[PDB]
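The structure appears below as structure tokens.
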Amino acid sequence: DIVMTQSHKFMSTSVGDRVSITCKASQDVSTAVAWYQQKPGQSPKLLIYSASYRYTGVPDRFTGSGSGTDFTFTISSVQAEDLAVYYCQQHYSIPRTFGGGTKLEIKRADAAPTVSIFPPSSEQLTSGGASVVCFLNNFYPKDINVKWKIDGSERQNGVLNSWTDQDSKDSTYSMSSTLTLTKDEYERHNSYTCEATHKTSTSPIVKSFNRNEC
Amino acid sequence: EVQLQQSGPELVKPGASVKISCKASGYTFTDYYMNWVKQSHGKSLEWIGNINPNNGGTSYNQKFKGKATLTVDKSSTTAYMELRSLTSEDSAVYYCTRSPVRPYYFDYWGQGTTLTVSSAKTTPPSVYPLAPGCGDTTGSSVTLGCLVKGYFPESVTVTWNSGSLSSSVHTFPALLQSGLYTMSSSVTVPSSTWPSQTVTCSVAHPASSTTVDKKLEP
Amino acid sequence: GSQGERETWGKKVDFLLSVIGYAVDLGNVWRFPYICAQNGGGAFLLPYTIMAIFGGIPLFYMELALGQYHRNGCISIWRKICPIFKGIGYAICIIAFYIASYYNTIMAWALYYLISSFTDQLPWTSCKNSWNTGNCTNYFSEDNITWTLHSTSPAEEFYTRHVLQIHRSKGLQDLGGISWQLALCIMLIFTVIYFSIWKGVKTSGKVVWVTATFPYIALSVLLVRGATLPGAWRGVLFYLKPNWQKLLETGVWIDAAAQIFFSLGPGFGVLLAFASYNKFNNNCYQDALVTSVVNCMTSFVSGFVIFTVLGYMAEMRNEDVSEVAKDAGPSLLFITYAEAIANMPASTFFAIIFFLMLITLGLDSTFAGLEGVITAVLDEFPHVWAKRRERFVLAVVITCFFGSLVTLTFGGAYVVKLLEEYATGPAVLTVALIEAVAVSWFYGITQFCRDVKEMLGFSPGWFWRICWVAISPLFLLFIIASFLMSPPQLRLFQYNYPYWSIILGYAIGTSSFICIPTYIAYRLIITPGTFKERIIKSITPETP
Ligand SMILES: Brc1ccc([C@@H]2CCNC[C@H]2COc2ccc3c(c2)OCO3)cc1
Ligand SMILES: *[C@@H]1O[C@H](CO)[C@@H](O)[C@H](O)[C@H]1NC(C)=O
């Protein structure tokens, strides 16, 4: 069989920069390599076939090169919607194999994380649960600290951080810090506070609300 | 144009079998090889095998020989893939993709089929409105949310007002714990249409065939 | 008086190149490279030689030694060895007939291509012909093309809808009528063998100078031509890449044994006839040895001749030469190789020498094929026959034409496979086994070593002794059992043969075999005495 090796699992680029993903095959392939673009949440979309030829419906900003074993996929004008995971695949020997997959992450200027704390709703208080939410929207880069405060004390049990993928419009990550608690514990405390430490500013952003019917 | 409409997600207990369809349209069905590619969570694409629609010419991969069985029907232009001896590794997304005979590229793919192989009971999601408090300072935009708690498997869809609008909706991935998933959704909409008009989030769970709609209230 | 002693050959080199001419054919050119590159690549050389040394060579040299020593035909030699097995000589006579029904129609195709290759623009290049469909898509045409399940190449269209016209037949059921072009081609073939056999060994032995040497020339031109082609190393890689794991399969050895046997073709009576017309003092050990080593090496270089052009063809297309070399049979040479040589400078030249090379490969072999049967019948019915040789030779040749009339049909190609797989292989293996057992066990290998000891001056080594006693009949027994156990379902040109074909095949495989148990029944049934008395007088040859 054939082993398609993409040594670089991740590659960082910016909007408008010249990006090029490599692809290493097991043996000599002549000109038999196809490049696929799988956008997050979509089916893999065919971009290049036979090393250099472009497929129909593919903008002019996507090109391909190489002849032999190593092949290269080039994007001249990276757009916000070009954010996807690119795969390379050989099409000469049975069976047809694929590459490990190269996620193209977009680099931009820093953005302040918009933090919003949420009190448990009445339908959940009705069920017998109470989850305080802390949304952190539109910031860059991904590295960000989230600290919880039930009543000023750093709460750490029951905290779940969920990072979404990068955005295809403004290239801004977004994460959710969830603090799930019981109803009995919720009606024995009032002002919840979640804070975020980012590289945009040294002082963590502090958000607070009150339990007494807001 | 060219469309490959696959089947919905499937939750099957380990050791059983499962069949996936692939309705092809928009081209001469007998003019192209029908392929199946496996994609594991976080893994690369994996070629299962192809089939010639004319005579059912299955050409499998040595890694999937006896693991997958490709069939085809010309009377409805639909290719099928059946899987037996289901394990936790088969819990992956499967695509059926069209391909010519030479050069062998995969021009058109299907939307995918989420297969979950687990003996865990199909648990309906708990939809709780994540609404801002009544003491917050209403600025130029308000961020809302809806919480989906406790469900299985990962087949779930959170929509906002029949998809209008959703130009500022941040959907957070689901997290698995003790056999049950939990996710949350948010939406940033200006303050000049709230709370004047109606904003409602709709949570749909296809595996349990349930659909609970909850409207946000301050 | 009268005839008395038999005739003698005109020179040593004539009989050397003559047995080489029988040994070397089409299968040497394309069969061995395919079976080689498929079963473990270069590693296939390891068992192939073994199956040669232990299997092919001993039968070859034993047959040859008996032929030169006894100077009898395929039927008359059993009268003086084991009369009950005289039916063997008859069986071959039937077997050869079945072979001569299809083997020369292939040469007729190569001949139809050859006379159709004199035009400045070769027919299988363009699609603007009277036989192409709307699926025909060809080169020197817009690039980017993306082939379709229903699309078809101009070479496949030419071979399918013209020289074969196989689209006009539905299979074995409906194959008529007859393509008169292939009938005239094969008629010309029977003519060119008619003027090369009718006189006897002198003409076959003189035509062989051309029919056995030219294939090396054409293979040399296509060899140095195919070597200079860009990206031809792919076919060589796929051709000689060692895959030793395939050697663990018990099938591969079987394929090698069958290959070397059916490429040396011992015990068919052709070597008996070719060996009969030689000097008693003349050595034959070196003869058999060298002759085989030529057939094997010739196959080895032929592998390069094919897979170089296939490598270039896989470079212009997209590699993994196996895909461009999937189909083994008439399509590897008549379509893929022809379409490959079409994109080369002075294509008329390489085309003419290629299909001319095909005819040149079949000619010598079929000379020898007929030669064995002719010698058998002339020696079995002397005086009652030999009145003229052109009479019996004319009879067998026109008989082969009427035999090929089933093959000259539209679905004739279908029949060719049914006759190529089912009829010849099991029966020939069987008669080779019974023949080898009868010379090694009944006549006694000791007296055979005394016959060779009287022939060459020295007794054959203990190696030849143990090979004839055990290793060779086990070698044939291996292929017999493995064949009967797993007869093959066969398909040709998107058409799977009906389930019943094997039945038909077995008829054609056994309708030729019925003569030996019925002749044992005829011999043991005709002379009265007891069963133990009559079989003891029927197993011992004539004392005087
Ligand atoms: Br199974 C079997 C066994 C042996 C052979 C030999 C061996 C290789 N070299 C040619 C071939 C000779 O094949 C023939 C062709 C025309 C003939 C003929 C015999 O006899 C009448 O006319 C082929 C198939
Ligand atoms: C091309 O071939 C297909 C079958 O291989 C056939 O159905 C079709 O009619 C052909 N095209 C034409 C124009 O005849």
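In the structure tokens, chains take letters A, B, ... by order of appearance, with residues numbered from 1 within each chain and ligands from 1 in the order shown.
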Quiz prompt | Contact set, chain B to chain C: 10 Å, only C-alpha atoms, as a count of residues only | solution = 17
Self-check item: Neighbourhood of ligand 1 at 7 Å, counting only C-alpha atoms and all ligand atoms, reported as a ChimeraX atom specification
Solution: /C:22-25,96-97,99-100,103,262-266,268,365-370,424-425,428
Exercise. Mind checking which residues fall within 10 Å of residue 18 (chain B), counting only C-alpha atoms, ignoring those fewer than 6 positions away in the same chain, and posting them as an MDAnalysis selection string?
Key: chainID B and resid 10:12 81:86 115 117
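The contact shell of ligand 2, defined as all polymer residues within 6 Å when only C-alpha atoms and all ligand atoms are used, comprises residues 133, 134, 135 and 150 of chain C.
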Residues from the last selection, N, CA and C atoms, saved as a compact mmCIF listing (two decimals), in the first residue's frame:
```
# COMPACT_ATOMS: atom_id res chain seq x y z
N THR C 133 -18.45 3.56 -31.75
CA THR C 133 -19.69 4.04 -31.16
C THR C 133 -19.57 5.51 -30.78
N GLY C 134 -20.57 6.02 -30.05
CA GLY C 134 -20.49 7.35 -29.50
C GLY C 134 -19.70 7.43 -28.22
N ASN C 135 -19.33 6.27 -27.67
CA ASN C 135 -18.50 6.23 -26.48
C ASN C 135 -17.03 6.41 -26.81
N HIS C 150 -19.05 3.98 -19.26
CA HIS C 150 -19.51 3.52 -20.57
C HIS C 150 -18.56 3.90 -21.69
```
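Using only C-alpha atoms, the contacts of region 206-208 of chain C at a cut-off of 7 Å, with sequence neighbours closer than 6 positions omitted, comprise residues 14, 17, 18, 21, 196 and 364 of chain C.
Once residue 134 (chain B) and its same-chain neighbours fewer than 6 positions away are set aside, residues 213 and 214 of chain A; 218 of chain B remain within 8 Å of it when counting only C-alpha atoms.
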Quiz item: Neighbours of residue 482 (chain C) within 12 Å (only C-alpha atoms; same-chain residues fewer than 4 positions away dropped), as a PyMOL selection string?
Solution: chain C and resi 250-255+257-258+425-426+429+474-478+486-488
Selection above as a file: N, CA and C atoms, as a PDB file, in the first residue's frame:
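The resulting file, out_17.pdb, is shown below:
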```
ATOM      1  N   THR C 250       0.085 -21.449  -1.339  1.00  0.00           N
ATOM      2  CA  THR C 250       0.300 -22.734  -1.985  1.00  0.00           C
ATOM      3  C   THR C 250      -0.136 -22.678  -3.441  1.00  0.00           C
ATOM      4  N   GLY C 251      -0.865 -21.625  -3.819  1.00  0.00           N
ATOM      5  CA  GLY C 251      -1.244 -21.442  -5.210  1.00  0.00           C
ATOM      6  C   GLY C 251      -0.071 -21.101  -6.113  1.00  0.00           C
ATOM      7  N   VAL C 252       0.847 -20.241  -5.650  1.00  0.00           N
ATOM      8  CA  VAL C 252       1.839 -19.681  -6.573  1.00  0.00           C
ATOM      9  C   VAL C 252       2.675 -20.806  -7.168  1.00  0.00           C
ATOM     10  N   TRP C 253       3.058 -21.783  -6.340  1.00  0.00           N
ATOM     11  CA  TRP C 253       3.903 -22.863  -6.828  1.00  0.00           C
ATOM     12  C   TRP C 253       3.167 -23.598  -7.927  1.00  0.00           C
ATOM     13  N   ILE C 254       1.863 -23.779  -7.731  1.00  0.00           N
ATOM     14  CA  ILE C 254       1.032 -24.458  -8.713  1.00  0.00           C
ATOM     15  C   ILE C 254       1.079 -23.678 -10.022  1.00  0.00           C
ATOM     16  N   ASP C 255       0.986 -22.342  -9.940  1.00  0.00           N
ATOM     17  CA  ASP C 255       0.996 -21.530 -11.158  1.00  0.00           C
ATOM     18  C   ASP C 255       2.327 -21.690 -11.882  1.00  0.00           C
ATOM     19  N   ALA C 257       4.486 -24.276 -11.711  1.00  0.00           N
ATOM     20  CA  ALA C 257       4.554 -25.622 -12.272  1.00  0.00           C
ATOM     21  C   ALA C 257       3.762 -25.711 -13.568  1.00  0.00           C
ATOM     22  N   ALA C 258       2.510 -25.258 -13.542  1.00  0.00           N
ATOM     23  CA  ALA C 258       1.695 -25.266 -14.752  1.00  0.00           C
ATOM     24  C   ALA C 258       2.351 -24.443 -15.852  1.00  0.00           C
ATOM     25  N   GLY C 425      -5.845 -28.340 -20.846  1.00  0.00           N
ATOM     26  CA  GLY C 425      -4.946 -28.439 -19.711  1.00  0.00           C
ATOM     27  C   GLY C 425      -5.018 -29.714 -18.873  1.00  0.00           C
ATOM     28  N   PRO C 426      -6.222 -30.128 -18.440  1.00  0.00           N
ATOM     29  CA  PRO C 426      -6.271 -31.343 -17.611  1.00  0.00           C
ATOM     30  C   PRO C 426      -5.860 -32.580 -18.390  1.00  0.00           C
ATOM     31  N   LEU C 429      -2.117 -32.734 -19.079  1.00  0.00           N
ATOM     32  CA  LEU C 429      -1.435 -33.087 -17.836  1.00  0.00           C
ATOM     33  C   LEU C 429      -1.578 -34.584 -17.555  1.00  0.00           C
ATOM     34  N   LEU C 474       5.020 -36.884  -9.731  1.00  0.00           N
ATOM     35  CA  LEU C 474       4.433 -36.093  -8.657  1.00  0.00           C
ATOM     36  C   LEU C 474       4.256 -34.651  -9.109  1.00  0.00           C
ATOM     37  N   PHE C 475       5.163 -34.173  -9.965  1.00  0.00           N
ATOM     38  CA  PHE C 475       5.077 -32.819 -10.500  1.00  0.00           C
ATOM     39  C   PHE C 475       3.818 -32.660 -11.334  1.00  0.00           C
ATOM     40  N   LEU C 476       3.507 -33.664 -12.157  1.00  0.00           N
ATOM     41  CA  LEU C 476       2.297 -33.599 -12.969  1.00  0.00           C
ATOM     42  C   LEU C 476       1.062 -33.857 -12.112  1.00  0.00           C
ATOM     43  N   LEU C 477       1.183 -34.777 -11.153  1.00  0.00           N
ATOM     44  CA  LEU C 477       0.083 -35.102 -10.248  1.00  0.00           C
ATOM     45  C   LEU C 477      -0.353 -33.877  -9.451  1.00  0.00           C
ATOM     46  N   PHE C 478       0.612 -33.044  -9.064  1.00  0.00           N
ATOM     47  CA  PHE C 478       0.337 -31.817  -8.324  1.00  0.00           C
ATOM     48  C   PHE C 478      -0.612 -30.920  -9.102  1.00  0.00           C
ATOM     49  N   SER C 486     -10.100 -27.107  -8.122  1.00  0.00           N
ATOM     50  CA  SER C 486     -10.584 -25.732  -8.247  1.00  0.00           C
ATOM     51  C   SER C 486     -10.659 -25.300  -9.706  1.00  0.00           C
ATOM     52  N   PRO C 487     -11.588 -25.862 -10.478  1.00  0.00           N
ATOM     53  CA  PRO C 487     -11.745 -25.412 -11.851  1.00  0.00           C
ATOM     54  C   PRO C 487     -12.169 -23.959 -11.858  1.00  0.00           C
ATOM     55  N   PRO C 488     -11.821 -23.214 -12.886  1.00  0.00           N
ATOM     56  CA  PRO C 488     -11.950 -21.765 -12.763  1.00  0.00           C
ATOM     57  C   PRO C 488     -13.201 -21.230 -13.444  1.00  0.00           C
TER      58      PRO C 488
END
```
Quiz item: Expressed in Å to a single decimal, how great is the separation between CA of residue 355 (chain C) and CA of residue 113 (chain C)?
Solution: 6.5 Å
Exercise answer, chain A residues close to chain B, 6 Å and only C-alpha atoms, as a PDB file with N, CA, C and O atoms, in the first residue's frame:
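The file below, out.pdb, is the result:
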```
ATOM      1  N   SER A  43     -18.790  18.140   3.955  1.00  0.00           N
ATOM      2  CA  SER A  43     -18.141  17.021   3.308  1.00  0.00           C
ATOM      3  C   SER A  43     -16.855  17.496   2.632  1.00  0.00           C
ATOM      4  O   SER A  43     -16.759  18.654   2.217  1.00  0.00           O
ATOM      5  N   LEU A  46     -13.544  18.477  -3.347  1.00  0.00           N
ATOM      6  CA  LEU A  46     -12.423  18.297  -4.257  1.00  0.00           C
ATOM      7  C   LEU A  46     -11.946  19.626  -4.832  1.00  0.00           C
ATOM      8  O   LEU A  46     -12.737  20.391  -5.391  1.00  0.00           O
ATOM      9  N   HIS A  91      -4.033   8.804  -6.339  1.00  0.00           N
ATOM     10  CA  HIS A  91      -5.003   8.146  -7.211  1.00  0.00           C
ATOM     11  C   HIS A  91      -4.313   7.385  -8.351  1.00  0.00           C
ATOM     12  O   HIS A  91      -4.510   7.652  -9.534  1.00  0.00           O
ATOM     13  N   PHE A  98      -5.111   8.424   1.940  1.00  0.00           N
ATOM     14  CA  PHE A  98      -5.174   9.850   2.242  1.00  0.00           C
ATOM     15  C   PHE A  98      -4.057  10.280   3.184  1.00  0.00           C
ATOM     16  O   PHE A  98      -3.372   9.461   3.801  1.00  0.00           O
ATOM     17  N   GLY A 100      -2.714  12.709   6.567  1.00  0.00           N
ATOM     18  CA  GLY A 100      -3.138  12.878   7.953  1.00  0.00           C
ATOM     19  C   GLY A 100      -4.079  14.044   8.200  1.00  0.00           C
ATOM     20  O   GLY A 100      -4.820  14.029   9.189  1.00  0.00           O
ATOM     21  N   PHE A 118     -24.465  34.105  33.120  1.00  0.00           N
ATOM     22  CA  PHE A 118     -25.890  33.831  33.008  1.00  0.00           C
ATOM     23  C   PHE A 118     -26.403  33.090  34.236  1.00  0.00           C
ATOM     24  O   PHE A 118     -25.803  32.076  34.657  1.00  0.00           O
ATOM     25  N   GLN A 124     -35.089  25.509  34.706  1.00  0.00           N
ATOM     26  CA  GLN A 124     -34.094  24.624  35.290  1.00  0.00           C
ATOM     27  C   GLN A 124     -34.194  24.648  36.802  1.00  0.00           C
ATOM     28  O   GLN A 124     -33.951  23.622  37.449  1.00  0.00           O
ATOM     29  N   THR A 164     -14.664  26.524  20.750  1.00  0.00           N
ATOM     30  CA  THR A 164     -15.153  26.274  19.406  1.00  0.00           C
ATOM     31  C   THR A 164     -13.993  26.395  18.422  1.00  0.00           C
ATOM     32  O   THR A 164     -12.891  26.827  18.773  1.00  0.00           O
ATOM     33  N   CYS A 214     -32.845  38.673  40.010  1.00  0.00           N
ATOM     34  CA  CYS A 214     -32.019  39.631  39.264  1.00  0.00           C
ATOM     35  C   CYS A 214     -32.364  41.084  39.582  1.00  0.00           C
ATOM     36  O   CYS A 214     -31.505  41.963  39.517  1.00  0.00           O
TER      37      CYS A 214
END
```
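Near chain C, within 10 Å and using only C-alpha atoms, the residues of chain A are residues 28, 29, 30, 31, 32, 33, 49, 50, 53, 54, 55, 91, 92, 93 and 94 of chain A.
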Quiz item: Looking only at the backbone, which of the residues in region 314-388 of chain C does DSSP tag as helix (DSSP H, G or I), as an MDAnalysis selection string?
Solution: chainID C and resid 314:316 323:325 330:342 347:380
Export of prior selection with N, CA and C atoms as a short mmCIF file (atom, residue, chain, number, x, y, z; two decimals), in the first residue's frame:
```cif
data_model
loop_
_atom_site.label_atom_id
_atom_site.label_comp_id
_atom_site.auth_asym_id
_atom_site.auth_seq_id
_atom_site.Cartn_x
_atom_site.Cartn_y
_atom_site.Cartn_z
N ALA C 314 1.85 3.30 -18.64
CA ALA C 314 1.41 3.67 -17.30
C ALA C 314 1.95 5.03 -16.90
N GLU C 315 2.94 5.55 -17.63
CA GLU C 315 3.45 6.88 -17.34
C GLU C 315 2.59 7.92 -18.03
N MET C 316 2.23 7.66 -19.29
CA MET C 316 1.35 8.59 -19.99
C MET C 316 -0.03 8.63 -19.35
N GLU C 323 -3.03 -1.77 -12.84
CA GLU C 323 -4.32 -1.34 -13.38
C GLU C 323 -4.31 -1.32 -14.90
N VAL C 324 -3.24 -0.80 -15.52
CA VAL C 324 -3.15 -0.83 -16.97
C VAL C 324 -2.81 -2.23 -17.48
N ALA C 325 -2.54 -3.16 -16.56
CA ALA C 325 -2.18 -4.53 -16.88
C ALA C 325 -3.11 -5.49 -16.15
N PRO C 330 -5.85 -11.79 -24.80
CA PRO C 330 -5.62 -11.13 -26.08
C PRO C 330 -5.63 -9.61 -25.98
N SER C 331 -6.24 -9.06 -24.92
CA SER C 331 -6.35 -7.62 -24.78
C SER C 331 -5.05 -6.96 -24.33
N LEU C 332 -4.16 -7.71 -23.67
CA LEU C 332 -2.90 -7.11 -23.23
C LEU C 332 -2.01 -6.77 -24.42
N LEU C 333 -2.05 -7.59 -25.47
CA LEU C 333 -1.22 -7.37 -26.64
C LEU C 333 -1.96 -6.64 -27.75
N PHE C 334 -3.24 -6.96 -27.97
CA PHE C 334 -3.97 -6.41 -29.10
C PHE C 334 -4.55 -5.02 -28.82
N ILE C 335 -4.76 -4.66 -27.55
CA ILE C 335 -5.33 -3.36 -27.21
C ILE C 335 -4.29 -2.50 -26.51
N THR C 336 -3.94 -2.88 -25.28
CA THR C 336 -3.03 -2.07 -24.47
C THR C 336 -1.69 -1.88 -25.17
N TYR C 337 -1.07 -2.97 -25.63
CA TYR C 337 0.24 -2.85 -26.26
C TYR C 337 0.16 -2.13 -27.59
N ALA C 338 -0.92 -2.35 -28.35
CA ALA C 338 -1.09 -1.68 -29.63
C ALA C 338 -1.34 -0.19 -29.44
N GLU C 339 -2.22 0.15 -28.49
CA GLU C 339 -2.48 1.55 -28.16
C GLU C 339 -1.23 2.20 -27.59
N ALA C 340 -0.36 1.41 -26.97
CA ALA C 340 0.88 1.93 -26.42
C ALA C 340 1.85 2.27 -27.54
N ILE C 341 2.01 1.37 -28.51
CA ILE C 341 2.91 1.57 -29.64
C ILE C 341 2.34 2.56 -30.65
N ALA C 342 1.07 2.94 -30.51
CA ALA C 342 0.47 3.91 -31.42
C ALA C 342 1.04 5.31 -31.22
N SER C 347 5.15 4.57 -36.18
CA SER C 347 4.31 3.53 -35.57
C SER C 347 4.01 2.40 -36.55
N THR C 348 4.01 2.68 -37.86
CA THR C 348 3.77 1.61 -38.83
C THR C 348 4.82 0.51 -38.69
N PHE C 349 6.07 0.90 -38.48
CA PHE C 349 7.17 -0.05 -38.30
C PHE C 349 6.93 -0.98 -37.10
N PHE C 350 6.82 -0.40 -35.90
CA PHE C 350 6.67 -1.20 -34.69
C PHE C 350 5.38 -2.02 -34.71
N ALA C 351 4.34 -1.51 -35.36
CA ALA C 351 3.10 -2.26 -35.49
C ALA C 351 3.31 -3.49 -36.38
N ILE C 352 3.89 -3.28 -37.56
CA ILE C 352 4.13 -4.37 -38.50
C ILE C 352 4.99 -5.45 -37.86
N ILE C 353 6.09 -5.06 -37.22
CA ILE C 353 6.94 -6.08 -36.62
C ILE C 353 6.31 -6.68 -35.38
N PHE C 354 5.37 -5.99 -34.75
CA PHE C 354 4.73 -6.54 -33.56
C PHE C 354 3.74 -7.65 -33.94
N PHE C 355 2.74 -7.33 -34.76
CA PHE C 355 1.78 -8.36 -35.15
C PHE C 355 2.43 -9.42 -36.05
N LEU C 356 3.37 -9.00 -36.90
CA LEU C 356 4.16 -9.97 -37.66
C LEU C 356 4.92 -10.87 -36.71
N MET C 357 5.38 -10.31 -35.59
CA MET C 357 6.07 -11.10 -34.57
C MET C 357 5.12 -12.10 -33.95
N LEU C 358 3.87 -11.70 -33.73
CA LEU C 358 2.88 -12.63 -33.19
C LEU C 358 2.69 -13.83 -34.12
N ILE C 359 2.44 -13.56 -35.41
CA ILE C 359 2.29 -14.66 -36.38
C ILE C 359 3.56 -15.51 -36.40
N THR C 360 4.72 -14.85 -36.34
CA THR C 360 6.01 -15.53 -36.38
C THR C 360 6.21 -16.41 -35.16
N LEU C 361 5.58 -16.04 -34.05
CA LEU C 361 5.66 -16.83 -32.83
C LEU C 361 4.78 -18.06 -32.92
N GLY C 362 3.57 -17.90 -33.45
CA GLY C 362 2.67 -19.04 -33.57
C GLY C 362 3.06 -20.03 -34.65
N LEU C 363 3.66 -19.54 -35.74
CA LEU C 363 3.97 -20.38 -36.90
C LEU C 363 4.83 -21.59 -36.56
N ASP C 364 6.00 -21.37 -35.96
CA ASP C 364 6.91 -22.48 -35.66
C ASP C 364 6.26 -23.49 -34.72
N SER C 365 5.64 -23.00 -33.65
CA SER C 365 4.96 -23.88 -32.71
C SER C 365 3.90 -24.73 -33.40
N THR C 366 3.09 -24.14 -34.28
CA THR C 366 2.05 -24.94 -34.93
C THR C 366 2.63 -25.89 -35.98
N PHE C 367 3.73 -25.51 -36.64
CA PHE C 367 4.51 -26.46 -37.43
C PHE C 367 4.77 -27.72 -36.62
N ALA C 368 5.39 -27.56 -35.44
CA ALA C 368 5.75 -28.72 -34.63
C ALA C 368 4.51 -29.47 -34.16
N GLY C 369 3.48 -28.72 -33.75
CA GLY C 369 2.23 -29.32 -33.31
C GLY C 369 1.66 -30.29 -34.33
N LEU C 370 1.59 -29.85 -35.59
CA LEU C 370 1.12 -30.75 -36.64
C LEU C 370 2.13 -31.86 -36.89
N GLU C 371 3.42 -31.53 -36.84
CA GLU C 371 4.49 -32.48 -37.14
C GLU C 371 4.36 -33.75 -36.31
N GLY C 372 4.05 -33.60 -35.02
CA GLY C 372 3.91 -34.78 -34.16
C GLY C 372 2.80 -35.72 -34.58
N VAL C 373 1.62 -35.17 -34.86
CA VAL C 373 0.47 -35.98 -35.28
C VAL C 373 0.73 -36.63 -36.63
N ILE C 374 1.26 -35.86 -37.58
CA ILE C 374 1.54 -36.40 -38.91
C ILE C 374 2.48 -37.59 -38.81
N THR C 375 3.57 -37.43 -38.05
CA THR C 375 4.50 -38.54 -37.84
C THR C 375 3.80 -39.74 -37.21
N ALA C 376 2.94 -39.49 -36.22
CA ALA C 376 2.23 -40.59 -35.56
C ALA C 376 1.38 -41.41 -36.52
N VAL C 377 0.54 -40.75 -37.33
CA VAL C 377 -0.34 -41.50 -38.22
C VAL C 377 0.44 -42.17 -39.34
N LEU C 378 1.46 -41.50 -39.90
CA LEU C 378 2.24 -42.13 -40.96
C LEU C 378 2.96 -43.37 -40.46
N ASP C 379 3.52 -43.32 -39.24
CA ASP C 379 4.20 -44.49 -38.69
C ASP C 379 3.25 -45.58 -38.21
N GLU C 380 2.01 -45.23 -37.85
CA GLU C 380 1.06 -46.24 -37.38
C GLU C 380 0.37 -46.99 -38.52
#
```
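When CA of residue 215 (chain B) is paired with CA of residue 186 (chain A), their separation reads 22.9 Å.
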Quiz item: Quick one: distance from CA of residue 21 (chain A) to CA of residue 36 (chain B) in Å, one decimal?
Solution: 25.5 Å
Exercise. Extract, using only C-alpha atoms, all DNA, RNA and protein residues at most 10 Å from residue 8 (chain B), discarding same-chain residues fewer than 5 positions from it, and format them as a PyMOL selection string.
Key: chain B and resi 20-21+111-115+155+206-207
Using N, CA, C and O atoms, can you export the residues from the last selection as a CSV table (one decimal), in the first residue's frame?
```csv
chain,number,residue,atom,x,y,z
B,20,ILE,N,-26.5,1.8,5.5
B,20,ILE,CA,-26.6,3.2,5.1
B,20,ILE,C,-26.8,3.3,3.6
B,20,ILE,O,-26.2,2.7,2.8
B,21,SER,N,-27.8,4.2,3.3
B,21,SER,CA,-28.2,4.5,1.9
B,21,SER,C,-27.4,5.7,1.3
B,21,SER,O,-26.6,6.4,2.0
B,111,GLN,N,-23.4,14.2,2.5
B,111,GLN,CA,-23.3,15.0,3.6
B,111,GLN,C,-22.7,14.3,4.8
B,111,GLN,O,-22.3,14.9,5.8
B,112,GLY,N,-22.6,13.0,4.8
B,112,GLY,CA,-22.1,12.2,5.9
B,112,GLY,C,-23.2,11.5,6.7
B,112,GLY,O,-24.3,11.9,6.7
B,113,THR,N,-22.8,10.4,7.4
B,113,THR,CA,-23.7,9.7,8.2
B,113,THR,C,-23.0,9.4,9.5
B,113,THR,O,-22.0,8.7,9.6
B,114,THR,N,-23.6,10.0,10.6
B,114,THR,CA,-23.0,9.8,11.9
B,114,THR,C,-23.5,8.5,12.5
B,114,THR,O,-24.7,8.3,12.7
B,115,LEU,N,-22.6,7.6,12.7
B,115,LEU,CA,-22.9,6.3,13.3
B,115,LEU,C,-22.3,6.3,14.7
B,115,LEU,O,-21.2,6.6,15.0
B,155,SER,N,-26.3,13.2,18.1
B,155,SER,CA,-27.3,13.7,17.1
B,155,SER,C,-28.1,14.8,17.8
B,155,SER,O,-29.1,14.5,18.5
B,206,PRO,N,-32.8,14.1,16.9
B,206,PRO,CA,-33.3,13.1,15.9
B,206,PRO,C,-33.2,11.7,16.3
B,206,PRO,O,-34.0,10.9,16.0
B,207,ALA,N,-32.2,11.3,17.2
B,207,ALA,CA,-32.1,9.9,17.6
B,207,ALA,C,-33.2,9.5,18.5
B,207,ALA,O,-33.7,8.4,18.4
```
Exercise. Would you please work out which residue, of A:181, A:140, A:126, A:115, is nearest to residue 195 (chain A) when using only C-alpha atoms?
Key: A:115
